[PDB]
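Chemist: for now just these chains, pulled out of the complex without moving them:
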Amino acid sequence: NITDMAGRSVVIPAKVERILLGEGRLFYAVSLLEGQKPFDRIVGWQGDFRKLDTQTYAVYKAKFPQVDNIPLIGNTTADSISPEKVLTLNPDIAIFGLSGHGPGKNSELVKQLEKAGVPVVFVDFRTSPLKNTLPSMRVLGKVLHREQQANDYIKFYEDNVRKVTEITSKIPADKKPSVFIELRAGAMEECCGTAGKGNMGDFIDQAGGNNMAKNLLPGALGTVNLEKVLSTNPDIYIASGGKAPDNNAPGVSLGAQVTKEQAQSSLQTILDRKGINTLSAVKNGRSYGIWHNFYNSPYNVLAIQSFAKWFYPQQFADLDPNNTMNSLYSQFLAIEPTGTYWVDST
Amino acid sequence: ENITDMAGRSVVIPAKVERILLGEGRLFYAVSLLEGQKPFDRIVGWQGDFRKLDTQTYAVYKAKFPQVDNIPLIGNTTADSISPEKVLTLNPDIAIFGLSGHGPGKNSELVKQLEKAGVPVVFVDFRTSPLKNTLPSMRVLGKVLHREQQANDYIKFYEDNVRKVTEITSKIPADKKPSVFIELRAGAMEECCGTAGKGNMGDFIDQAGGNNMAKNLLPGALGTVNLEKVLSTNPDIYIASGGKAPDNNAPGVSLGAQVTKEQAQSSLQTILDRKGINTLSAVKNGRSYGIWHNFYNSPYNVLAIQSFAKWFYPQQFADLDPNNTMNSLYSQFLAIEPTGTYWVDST
Amino acid sequence: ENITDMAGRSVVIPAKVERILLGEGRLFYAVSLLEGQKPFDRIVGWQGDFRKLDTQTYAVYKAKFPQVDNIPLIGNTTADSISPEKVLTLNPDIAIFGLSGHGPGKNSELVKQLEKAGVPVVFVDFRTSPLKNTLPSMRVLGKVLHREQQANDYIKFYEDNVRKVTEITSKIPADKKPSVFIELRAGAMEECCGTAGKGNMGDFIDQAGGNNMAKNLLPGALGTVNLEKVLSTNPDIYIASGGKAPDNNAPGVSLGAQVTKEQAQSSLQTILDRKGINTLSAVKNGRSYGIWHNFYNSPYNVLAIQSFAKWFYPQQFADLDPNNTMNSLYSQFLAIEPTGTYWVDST
């Protein structure tokens, strides 16, 4: 038996072959365990990975066209999941997130699955990445019978994060740069989405930054008004996005099918917005883009490294997130790394 | 009949208004120009900023209108302290909010609640972009409160009294303009120095033909510049804002309805005697002044634009008198008598 | 409604409170600022530290309120002496506890018992992290005791009176600051010398622009530094804390409501005449002072921050008088008259 991220006891199945993904992008944690056979044990998933990660999807489709035939249990919201379609896939395990675009610990679907005799595991990369990322992988390892892959990934992760924390854990608060992260910048109805005590805030903390929204918000995600950002006038501005290159909607283009030219061109649009464009950080060129889906992925060590190099350029001159990304893919994944997951303003 | 507010949103003009909700208490100043001798007749409730952050002007209105104490306070001095429940049970027929300040903004939940309740919401602004927004705000308030005459009268008064300044300062070339720093609530904040960028009192500096040293240091209307940056820039003219009550020995400039010239100058001097500030060229040369803080969010801000022009070019505006303008303002529009000191020069 | 206490825990605000339990008796000081002329009206019971470790302030309240003797003592002066049974039979509707001190902490069994009994528990702090916690503690007590006005009034008073110090000391560079050692309950502990690290009275030294020699010797808010370490560091300024009653022949400094200047000066001198202490440069040079110990856990601690600044920079704070601040505090908030000596200088 194991304790999941909701504190609940889960009896590990003897053999797993029918994994249900409550949130599609929980695939990222699964991908680190399944080696060259990524989709072999997925009976169905939330449609967020296919619809909100179109780039990473297309790359896996070109090498694995059977991905199109994995059933979508819903669209991009917990409320759109048919519990009936879920149960007819006869899962032998269901992986859910404490938060996100899929069911949480108190949903009806979780109770239905408990009545059906199906083990449910809660992980978390989104609410409390710092507390939860590694424990989540340890647990997924045990319940999916991929302890070796999991232990390998934890060692890789700890080592690559320790490269940052060995330095930033000793830096005193008054020497840290102030940071604002604008999630899905440009692309929300009301500006400005950001992270508080949690989510990408954990990355700012680890990378030795000072999140200006840490004390403005009670939860992991929330909203701060444009004028509050202008008034705080933080040292460093970071925008997250995952927009596909050939999408004329507002947002930052980043992901597997994005070139540096397009990442720079679209970040600039984001930085040219009224108000934003007068920020000291934007004028001084301390303005950056990070791929949004790192907000819910155990690949988040790539962002902690990208934030650290932006917060202390020379102290992390020698650190290369692209090499960490390449080591990750070659050691663990079944596709080749492409595209741009981070960008600096021209 | 609809109107476009200061947030760009369309608002349907109520047929009759008798229950005005003030998102920020000091938005009363705009309302006071419209309500003549019956200032508080139509106010169902307001933010507590006017009563708690404008104690002097409050006390003067209370002595003539004791019923002001019975207007409900929907919160203290911050948007986050407003109970949306208390707000809705006052059954307002209009809510007036500010684009910025100590009350809810355009994206607050309370604004959405009120829209669900069928209550028209109007955004005004005297604080973020006074130059763009002050007159349009009054025009709009005129239409939605059915006081078009009072509003048009006040716009004419305002335009004329500002034109007295801009007719001169609009033709002055940049290289003849004095550099200016305004230290908001000088001495009274934890961390020095609050100031205004391209907005707020910065708009007044611009209009009065001054050169705001913080214009390009800051992205927003308000922000913070460090003492050493001020010392380094060493601007021609120093201005401190305050609204401290006379009998308060804490640091801050005393200005307002119950402040005498002696208290305003004694307390400005304390502010100018602070380490660092006291080595400014502007302080040593006596180009140091005090302005009443609440002009940072009031359509009476024409008084500050004029005080600024007279400090920026003393001889060219020798003949201009802001005290005459305040008196014309009060007598024409208000229901109280002008008292106290709203600005001061160092001696 | 709900609020966050000083332990990070959410507390549901009772609709009406009439049975307040004080985990530490001297938490009364925070309550006294809210209860006006009816100080003891809502206290069902308290730890015996206020009655037994604050005999002077107790006696003054007893003479005006003899019913104070009938408030139940839930224990003596240590968390371990509190009977949880006596506590629960008082049927409290709220319990106020301190993150640290002579009463239960956040992990005690009594706190869990009360949670099982459906009784809200609120953690405040004036002792571990006064700088971070004093004002937030008062705001919180305001909300849960339905005295938001009194609390907000006291915060404004406090901020203003501290700002009188910090406006000056916040700009002073480290190399111009005096070194300071504070000896808590000097002369009265078994092993010399108790003091404060990064917390407790250390926060006051920091704010008053001093350099606490024990800041980096100690991990916690309280600890112990050896006499020889003090002698070796030989700090600029020596401060002794005490609260000993005048007619108490035990060792320590006499300070409090029933102490005269001469009893405070004479007893400080005994403390300064002790072997080792008496060779300190600060003692020989007369930069030696006494402060009332209980300021180590009281929102009246603004009086200590002000006494410290005036000892650290005598001429820069010549004009500041902590006695006026105490009198303004008492008259505005309390139900007794200020008496005695809360601070003393060596002759």
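Modeler: Received, thanks. Residues are numbered from 1 along each chain as shown, chains lettered A, B, ... in the order given.

Chemist: in the host helix or strand of residue A:109, what's buried?
Modeler: Remark: residue A:109 resides in helix A:108-115, with elements defined by DSSP states H and E. Residues A:109-110, A:113 are the ones in helix A:108-115 that count as buried (16 or more other C-beta atoms under 10 Å in any protein chain shown). All C-beta atoms are positioned from the backbone trio N, CA, C, and that covers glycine.

Chemist: swap in stretch A:207-223?
Modeler: Using 16+ other C-beta under 10 Å as the test for burial, stretch A:207-223 gives A:207-214, A:216-217, A:220-223.

Chemist: could you list which of those residues belong to strands?
Modeler: Using DSSP state E to define strands, the subset of these located there is A:210-211, A:221-223.

Chemist: what's the closest non-adjacent residue to the closest residue to chain B within the stretch 201-346 of chain A?
Modeler: Ranking the residues of the stretch 201-346 of chain A by distance to chain B (C-beta to the nearest C-beta) places residue A:230 first, at 3.0 Å. By the measure of C-beta to C-beta, 6 or more residues apart in numbering or on different chains, the closest residue to residue A:230 outside its immediate chain neighbours is residue B:220, 3.0 Å from it.

Chemist: what sits against that neighbour?
Modeler: Contact analysis of residue B:220 by C-beta atoms under 8 Å, 6 or more residues apart in numbering or on different chains lists A:227, A:230-231, A:233, A:275, A:278, B:197, B:199.

Chemist: at 7 Å instead, please
Modeler: Residue B:220 makes contact with A:227, A:230-231, B:197, B:199, according to C-beta atoms under 7 Å, 6 or more residues apart in numbering or on different chains.

Chemist: sticking with residue A:313, tell me its helix or strand.
Modeler: Using DSSP H and E, residue A:313 is not contained in any helix or strand.

Chemist: quick check: it vs chain C, distance?
Modeler: The spacing between residue A:313 and chain C, counted by C-beta to the nearest C-beta, to the nearest Å, is 28 Å.

Chemist: all strands of the stretch 151-300 of chain A, in order?
Modeler: Under the criterion DSSP state E, counting those that start in this stretch, the stretch 151-300 of chain A contains strands at A:178-182, A:193-195, A:210-211, A:221-223, A:236-241, A:287-291.

Chemist: the first one pairs with which strands, parallel or anti?
Modeler: The sheet places strand A:178-182 alongside strand A:210-211 (parallel), strand A:236-241 (parallel), with pairing taken from DSSP bridges.

Chemist: quick one, the longest one and strand A:287-291 angle?
Modeler: Spelled out, that is strand A:236-241. With axes from the mean of the first three to the mean of the last three C-alpha atoms, to 10 degrees defining the directions, strand A:236-241 sits at 30 degrees from strand A:287-291.

Chemist: the following sequence is to be added as chain D:
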Amino acid sequence: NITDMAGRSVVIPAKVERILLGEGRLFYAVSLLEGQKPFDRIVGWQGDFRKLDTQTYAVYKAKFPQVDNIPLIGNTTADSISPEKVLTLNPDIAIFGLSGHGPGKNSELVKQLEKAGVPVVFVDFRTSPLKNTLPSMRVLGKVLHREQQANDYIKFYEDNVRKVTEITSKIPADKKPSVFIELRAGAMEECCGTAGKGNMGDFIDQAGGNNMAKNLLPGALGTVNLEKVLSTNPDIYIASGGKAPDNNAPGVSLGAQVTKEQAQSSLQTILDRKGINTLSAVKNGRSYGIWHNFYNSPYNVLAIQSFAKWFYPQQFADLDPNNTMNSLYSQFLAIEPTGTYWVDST
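Modeler: Adding chain D to what we have so far:
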């Protein structure tokens, strides 16, 4: 009475009223001593200040038109100095530089002046700034009877340098960025002029940088070929210039009459040159401009600070060399600071 920078003993004159400047830009050291009467005691000077510092000249001329009437003893080279014109000015002291566009310790003119009974003082801000800048000011103080001004300036300088060395003195060599400084970049016949163990090299050393030319060159100044720079591929590129805005000759525009936008546009031209534009430092945006005349001025504490903030951006985020310049001008000089003495690439 005092030992100059050439090791020679100079007899302090009882009263000085006729100062001869071997190199015009030695005026900068004099200006720190003469308060509001900068030109009162100058009998004549080399034409380098008037002809190679046209901007700083024009600013002093607008307040002091009598500067145009100070005699020019030559143009911009030691060989163009008429010793006859020099001697008829009847100087009572001559200030010369160990190196530069004026006579050195072995020149004939120095011997002529010794025969004429005129005290000669050697200073140095150019060959060995680190060893010589402060001793030079101490000496000038004594011989010009401005000991107070000199001691005031030394304290100011030491304090403002200590702001840098407190941090960079504890950085180990292997964490330091490699740096190349291209003096009068774009403006020489043959690329690339630079500094070795001396001149602006001393500033790189102090600011915790690693001068790639330190061991390529024997002297304070020299030349390294473009290909050697490309091959070393240093972390940080710095170009010096002092070109006037309205001068369309090649080089970087910096000085009292230069705006930031003109300094950025002209630095960019310099960075767009063949070879230079493939440097990692240029592509990564670690490319900067510094005002050339800091290569021979006791105001050089401004460049040391500008270099440290470029070498360690976050560790010196709170340091402002512009506030330092302003404290310098207000405390010591008779004119108002204007223009751009340093620039970052867009």
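
Chemist: again for the contacts of residue B:220, chain D present now?
Modeler: For residue B:220, the contact set (C-beta under 7 Å, 6+ apart) comprises A:227, A:230-231, B:197, B:199.

Chemist: ok, 6 Å please
Modeler: With contacts taken as C-beta atoms under 6 Å, 6 or more residues apart in numbering or on different chains, residue B:220 has the following neighbours: A:227, A:230-231, B:197.

Chemist: ok, which pair from these is furthest apart?
Modeler: Of all pairs drawn from these, the one with the longest distance (C-beta to C-beta) is A:227 and B:197, at 11.2 Å.

Chemist: centroid-wise, who is the farthest residue in chain A?
Modeler: Ranking residues of chain A by C-alpha distance from their mean position (C-alpha atoms, centre = their mean) puts residue A:115 at the top, at 31.0 Å.

Chemist: now do the end-to-end distance for stretch A:102-112.
Modeler: Between the opening and closing residues of stretch A:102-112 we find a distance of 15 Å, counting by C-alpha to C-alpha, to the nearest Å.

Chemist: now stretch A:42-52
Modeler: End-to-end distance for stretch A:42-52, by C-alpha to C-alpha: 18 Å.

Chemist: show me what residue of the stretch 101-250 of chain A gets nearest to chain D.
Modeler: residue A:177 (6.0 Å).

Chemist: now that residue. Its backbone dihedrals?
Modeler: According to degrees, to the nearest 10, the main-chain angles of residue A:177 amount to phi -80, psi 140.

Chemist: over to residue A:284?
Modeler: Backbone torsions of residue A:284, given as degrees, to the nearest 10, read phi -80, psi 0.
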